[PDB]
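Here the structure comes first, spelled out in structure tokens, and everything after it is commentary.
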Amino acid sequence: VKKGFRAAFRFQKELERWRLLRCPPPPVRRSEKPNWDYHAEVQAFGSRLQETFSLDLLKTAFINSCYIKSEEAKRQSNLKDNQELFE
Amino acid sequence: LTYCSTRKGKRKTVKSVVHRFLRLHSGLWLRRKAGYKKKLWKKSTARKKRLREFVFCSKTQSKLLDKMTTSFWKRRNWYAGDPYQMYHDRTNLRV
Amino acid sequence: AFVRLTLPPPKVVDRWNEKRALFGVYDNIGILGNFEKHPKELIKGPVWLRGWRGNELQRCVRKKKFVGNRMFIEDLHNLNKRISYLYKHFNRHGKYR
Amino acid sequence: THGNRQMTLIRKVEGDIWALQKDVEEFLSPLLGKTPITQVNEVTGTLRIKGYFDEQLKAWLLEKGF
Amino acid sequence: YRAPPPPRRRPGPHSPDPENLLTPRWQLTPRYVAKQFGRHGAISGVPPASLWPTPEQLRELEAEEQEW
Amino acid sequence: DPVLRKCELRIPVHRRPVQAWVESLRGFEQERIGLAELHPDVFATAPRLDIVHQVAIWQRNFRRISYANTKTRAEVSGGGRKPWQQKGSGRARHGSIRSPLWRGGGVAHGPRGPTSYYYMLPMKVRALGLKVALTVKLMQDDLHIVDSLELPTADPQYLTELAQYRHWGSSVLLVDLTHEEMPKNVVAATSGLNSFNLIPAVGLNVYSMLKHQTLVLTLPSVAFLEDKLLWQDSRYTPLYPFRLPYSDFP
Amino acid sequence: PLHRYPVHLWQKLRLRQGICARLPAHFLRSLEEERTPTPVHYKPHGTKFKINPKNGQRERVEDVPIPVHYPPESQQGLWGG
Amino acid sequence: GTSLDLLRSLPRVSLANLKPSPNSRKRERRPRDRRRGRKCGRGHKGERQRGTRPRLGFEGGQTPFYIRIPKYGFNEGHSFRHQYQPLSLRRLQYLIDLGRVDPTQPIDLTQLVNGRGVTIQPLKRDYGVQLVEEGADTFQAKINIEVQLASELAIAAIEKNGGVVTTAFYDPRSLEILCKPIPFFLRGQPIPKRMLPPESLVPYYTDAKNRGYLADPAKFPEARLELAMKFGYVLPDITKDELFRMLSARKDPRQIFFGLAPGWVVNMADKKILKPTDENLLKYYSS
RNA sequence: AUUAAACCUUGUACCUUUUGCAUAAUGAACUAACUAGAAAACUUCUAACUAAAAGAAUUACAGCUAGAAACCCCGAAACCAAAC
Ligand SMILES: [Mg+2]
Ligand SMILES: [Mg+2]
Ligand SMILES: [Mg+2]
Ligand SMILES: [Mg+2]
Ligand SMILES: [Mg+2]
Ligand SMILES: [Mg+2]
Ligand SMILES: [Mg+2]
Ligand SMILES: [Mg+2]
Ligand SMILES: [Mg+2]
């Protein structure tokens, strides 16, 4: 038994790598992971393409009908769809 | 020689050097000429004169003699009536 | 090579315990105290190396002088053998003459 | 040092060490025929000059009245 | 915390125990007794007359002086 | 009634003195009660951090004795005989089962015995370091001169709150002139605190000043410190140890 | 570790404890005191100082006795030292 | 100055910020790497790589240089030759100017030592100080000085200004006491007597021209005048001087200190002096 | 390199020792752990004080005090003392 904790700390990182390869994790949507602000992300989307958008309209586009159903089911235990814009 | 002695842990002087040379405080060493008392009857008058002199030592010989003596033999001595009083220093030396 | 499979238990160090808090006090006993005591007298350790330092050969010879007559037979036999080995190394061997 | 490098040192200087360097260069330059080579140590507050100029500097400092 | 009292040298004359086997020998000589009076004057208790040579010692001193 | 103090010793003509606020601890708000002068040669020396490095390392190293040890091939049990003969066996040549190459053998170059690290810095150099450390605390606003250490109450909590009130550091070092006469109230309050330490004036050292954030000096100690340090300047070399009688020295 | 006392003092310590202590005082004194025998096999120095001939300076001198072996038969007779 | 202003801005000084002076420490090199490993600087196989080259001075079998030179007595008797430290008139004038010696009172070795004017090493066979003529032309002081040895020109300079110089002898034991008197008093012993010069030095100290302390006082007046004639100055008369008593003060040839006699004990603790009352003791010390 | 694992092109195992040369000759089945440069006389660098330096004993015609900087491992045939 050698003195020191730094080698033990390093090896924990490699055990993490081995576990991931053998058992890949299920996908998750970026919203769950840290460093997320919805308002800021939307604005950068428009500026990225060198096009100007109205914030109220652009946000409505992303909302989907299936999303509304899930929220209400959770709520029991307003929004507005993008159907008009899609057509 | 002895670099570290058992009883005191110091360097030791080689006493055969102390019995043959003289050290001037500047760093020069003096000696005699080998054979200056041997078979004088077969030596010319000019040869005998050269033998009687006191002579200096070279740089490499001076370096070796310094290693073989300790610091006590390198100090300043103030002897009243010293006949080497004027030879302990150097003058007008650019070097 | 083989490495630990778990982290060792954590080490917790108190930096304000009595020994650490008051380290250094009275190191100026002489200059601020009229020189009645020398700072070396504040040292704790073996009798033969309080306020003194030397190489290994010097340490061996000094230890014998102070406590040589109060030593066990076998310990003294080993000390004497160490001295002679160190004597021959320091006076006969090495790169520089 | 080295047995052949001769220097002179002015030691206990307070204030602006750089001003003293300028004065020494002006004072000593006419004698040498060139600007003297000097080193300034800000931490220890000393000035070092190449060559022996102790007597002239001692007299020079007395005139200024230090 | 509060630091302990500063270390201090012990004051006053020192008279070692003669019987004790582990008392250093140099502390038991007449020279050591003389030193106590020199440092601490009369508080030592050393009979002042003892400092000078005794008549038997005096003869030895004089005899040596003539010889050399 | 302002408390005004002047340096007993002669300040050099070319140097103006330096000053600090005198304070008292009797109340939470008695921050300023006086004005004091401090000898420039003590509290306004050049900012030399290399010297501070030397004295701090000297303090830590001159006491060190290491007790690590190992056995050589001579001191390990057994090993006298030659294991097998030089020729015929077909193994490597060997002469003892306790050489460094073998398992269970001796160590070739290991630590040997108790070893000391003792050395002494020159007395003038150690004295200079104390002046530089005192200067650093003043210029960085970590020094607080006080008239006396008297306290209203012996409750430890009172002292802690006072430090918070006056923007002191988490660790405070308190200096008093002598150990024997230190006030009773202070002793009881500090004794139960890890980070607030009380020492006599003779115990002041460079290492503790670095460890503790803020320094507190009583006025009598200021005169005490000024006297000793300035003596190191303008003195002769010793003919014999200073503890022996001298014409003008205690 | 170390012994509490030096080796050469062990003999005195033994006489100071046990039934040895109960012995009468002056006989313990006889054992304790050791006086050097009169010279027999070497010449003692007459003086304490002598003039070294080579350098012509005054030097201290001492008397160092020869070691002599006494066979156990000597204890049955009267040899003159 | 401006430097202390910088400290105010910078972060606190602590045990985590220390740094040594640059270039104060070199790097120590170990033999691990390829540059300093492998043969490790010792060369190819031989006596020198293994570590057993011959000793210093060995020349491979021919008779060595330091042993083929004949013996000669340059250093014979060196440990028995006497040594005198030099004190020049430049140094002496410098010391009086800065106040480190008091010219009003008599000057002896104790006063010179106490002012750091001279450093005396009795264990290295120092027997005292000799006055040296260097700086004579600018000597302008009136003093009473005692030294072990003196030169012709040095005596002239002192007296031309109206001063007294004399030569006195101290033995090795007395000299040690004279230089460091206080440690002796701490011992607790009586003050010893002063021995007379060895035989070889008796002629020197009994000769008036040398200003000896055992010479006939009647012969001094003649000798002083001849210096004045030789060196072209007028012999001043000091008896008229106000400080004749100070200039004429001289100690007994068996005394070490001015106001103390052999056989006394100095009790420094309570400021007292003890004197013996025994006839045998008093006769011994007074002889 | 290639769309393509192999095919096509290029290429006289490693350490030591030898004449700076090896298809010469020593050594190595493989894995893990263990296994070999150590001292301060002189010199250079960094500071304190300076005709003086050093916390007693030492050196000094700019010196003196302190710090830092260094010199391997394994292997005989033998010789002697005392037992068995
Ligand atoms: Mg063995
Ligand atoms: Mg055997
Ligand atoms: Mg072997
Ligand atoms: Mg082991
Ligand atoms: Mg190394
Ligand atoms: Mg000297
Ligand atoms: Mg072969
Ligand atoms: Mg093979
Ligand atoms: Mg391995």
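Convention: chains lettered A, B, ... in structure tokens order; per-chain residue numbering from 1; ligands numbered from 1 as shown.
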Contact set, chain C to chain F: 12 Å, only C-alpha atoms, as a PyMOL selection string: chain C and resi 14-60+63+74-82+85
DSSP strand (DSSP E) residues within chain B, listed as an NGL selection string: :B and (22-23 or 29-31 or 55-56)
I need the chosen residues saved as a short mmCIF file (atom, residue, chain, number, x, y, z; two decimals), in the first residue's frame, with N, CA and C atoms.
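Dumped everything to selection_35.cif:
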```cif
data_model
loop_
_atom_site.label_atom_id
_atom_site.label_comp_id
_atom_site.auth_asym_id
_atom_site.auth_seq_id
_atom_site.Cartn_x
_atom_site.Cartn_y
_atom_site.Cartn_z
N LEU B 22 59.22 27.47 1.72
CA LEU B 22 58.73 28.64 2.43
C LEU B 22 57.66 29.31 1.58
N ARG B 23 56.58 29.72 2.22
CA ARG B 23 55.45 30.35 1.55
C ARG B 23 55.40 31.82 1.91
N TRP B 29 56.17 30.47 -3.47
CA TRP B 29 56.88 29.47 -2.69
C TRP B 29 58.36 29.49 -3.07
N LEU B 30 59.22 29.30 -2.07
CA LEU B 30 60.67 29.33 -2.24
C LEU B 30 61.26 27.96 -1.94
N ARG B 31 62.36 27.64 -2.63
CA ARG B 31 63.04 26.36 -2.42
C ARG B 31 64.52 26.53 -2.71
N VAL B 55 65.06 29.92 -5.05
CA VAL B 55 64.34 29.93 -6.31
C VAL B 55 62.84 29.82 -6.06
N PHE B 56 62.05 30.36 -7.00
CA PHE B 56 60.60 30.33 -6.92
C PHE B 56 60.05 29.05 -7.57
#
```
Residues of chain G in alpha helix (DSSP H), written as a PyMOL selection string: chain G and resi 10-15+25-32
Kindly export the residues of the current selection with N, CA, C and O atoms, as a tab-separated table (two decimals), in the first residue's frame.
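Produced file out-v7.tsv, reproduced below:
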```tsv
chain	number	residue	atom	x	y	z
G	10	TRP	N	30.38	0.52	37.62
G	10	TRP	CA	29.52	-0.57	38.07
G	10	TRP	C	30.06	-1.20	39.35
G	10	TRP	O	29.28	-1.60	40.22
G	11	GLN	N	31.38	-1.32	39.47
G	11	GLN	CA	31.95	-1.94	40.66
G	11	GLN	C	31.61	-1.14	41.92
G	11	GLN	O	31.22	-1.71	42.94
G	12	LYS	N	31.74	0.19	41.85
G	12	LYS	CA	31.40	1.01	43.00
G	12	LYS	C	29.92	0.88	43.35
G	12	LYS	O	29.55	0.85	44.53
G	13	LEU	N	29.06	0.80	42.33
G	13	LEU	CA	27.63	0.69	42.58
G	13	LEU	C	27.30	-0.58	43.34
G	13	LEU	O	26.46	-0.57	44.25
G	14	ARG	N	27.95	-1.69	42.98
G	14	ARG	CA	27.68	-2.95	43.66
G	14	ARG	C	28.02	-2.87	45.15
G	14	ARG	O	27.24	-3.33	45.99
G	15	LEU	N	29.17	-2.28	45.48
G	15	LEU	CA	29.56	-2.15	46.88
G	15	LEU	C	28.60	-1.27	47.67
G	15	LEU	O	28.62	-1.30	48.90
G	25	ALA	N	32.76	0.20	57.55
G	25	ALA	CA	33.08	1.31	56.65
G	25	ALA	C	34.53	1.26	56.18
G	25	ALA	O	34.80	1.32	54.98
G	26	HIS	N	35.48	1.17	57.12
G	26	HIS	CA	36.87	1.38	56.75
G	26	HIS	C	37.42	0.25	55.89
G	26	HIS	O	38.39	0.47	55.14
G	27	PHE	N	36.85	-0.95	55.97
G	27	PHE	CA	37.29	-2.02	55.07
G	27	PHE	C	36.81	-1.77	53.65
G	27	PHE	O	37.51	-2.10	52.69
G	28	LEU	N	35.62	-1.19	53.49
G	28	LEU	CA	35.20	-0.74	52.17
G	28	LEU	C	36.16	0.32	51.63
G	28	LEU	O	36.42	0.38	50.43
G	29	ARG	N	36.69	1.17	52.52
G	29	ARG	CA	37.65	2.17	52.09
G	29	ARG	C	38.91	1.52	51.53
G	29	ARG	O	39.46	1.98	50.53
G	30	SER	N	39.37	0.44	52.16
G	30	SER	CA	40.58	-0.23	51.69
G	30	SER	C	40.40	-0.75	50.27
G	30	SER	O	41.30	-0.62	49.44
G	31	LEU	N	39.24	-1.35	49.98
G	31	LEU	CA	38.98	-1.81	48.62
G	31	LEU	C	38.90	-0.64	47.65
G	31	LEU	O	39.41	-0.73	46.52
G	32	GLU	N	38.27	0.45	48.06
G	32	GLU	CA	38.01	1.55	47.14
G	32	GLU	C	39.30	2.22	46.69
G	32	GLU	O	39.53	2.40	45.49
```
Exercise answer, 9 Å around ligand 6 with only C-alpha atoms (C1' of nucleotides) and all ligand atoms, as a list in words: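 So the residues close to ligand 6 are residues 75, 76, 77 and 78 of chain B; 85, 119, 120, 121, 124 and 126 of chain H; 58, 59 and 60 of chain I.
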Selection within 9 Å of ligand 4 by only C-alpha atoms (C1' of nucleotides) and all ligand atoms, output as a compact mmCIF listing (two decimals) with N, CA and C atoms, in the first residue's frame:
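Wrote it out as result_34.txt, contents follow:
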```
# COMPACT_ATOMS: atom_id res chain seq x y z
N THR F 70 18.27 3.25 8.39
CA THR F 70 18.23 1.98 7.68
C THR F 70 19.47 1.17 8.03
N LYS F 71 19.38 -0.14 7.83
CA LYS F 71 20.50 -1.05 8.04
C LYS F 71 21.30 -1.24 6.76
N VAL F 76 22.55 -6.40 9.05
CA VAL F 76 21.42 -7.31 8.91
C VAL F 76 21.81 -8.68 9.45
N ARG F 103 16.41 -9.88 -1.98
CA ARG F 103 15.27 -9.63 -1.11
C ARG F 103 15.67 -9.87 0.34
N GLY F 104 15.31 -8.93 1.21
CA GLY F 104 15.71 -9.01 2.60
C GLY F 104 17.11 -8.53 2.91
N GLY F 105 17.83 -7.99 1.92
CA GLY F 105 19.18 -7.52 2.12
C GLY F 105 19.26 -6.10 2.66
N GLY F 106 20.49 -5.58 2.71
CA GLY F 106 20.72 -4.24 3.20
C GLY F 106 20.49 -3.16 2.15
N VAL F 107 20.39 -1.92 2.63
CA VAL F 107 20.13 -0.76 1.78
C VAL F 107 21.45 -0.10 1.42
```
10 Å shell around ligand 8 using only C-alpha atoms (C1' of nucleotides) and all ligand atoms, listed as a list in words: residues 26, 27 and 28 of chain I
Near ligand 9, 9 Å: chain I residue rows, closest pairs, only C-alpha atoms (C1' of nucleotides) and all ligand atoms, as CSV:
```
residue,atom,partner,partner_atom_place_in_ligand_line,distance
I:31,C1',ligand 9,1 (Mg),8.8
I:32,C1',ligand 9,1 (Mg),6.8
I:33,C1',ligand 9,1 (Mg),6.9
I:34,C1',ligand 9,1 (Mg),8.6
```
Distance-based interface of chain B with chain D, 12 Å, counting only C-alpha atoms, as a ChimeraX atom specification: /B:93-95
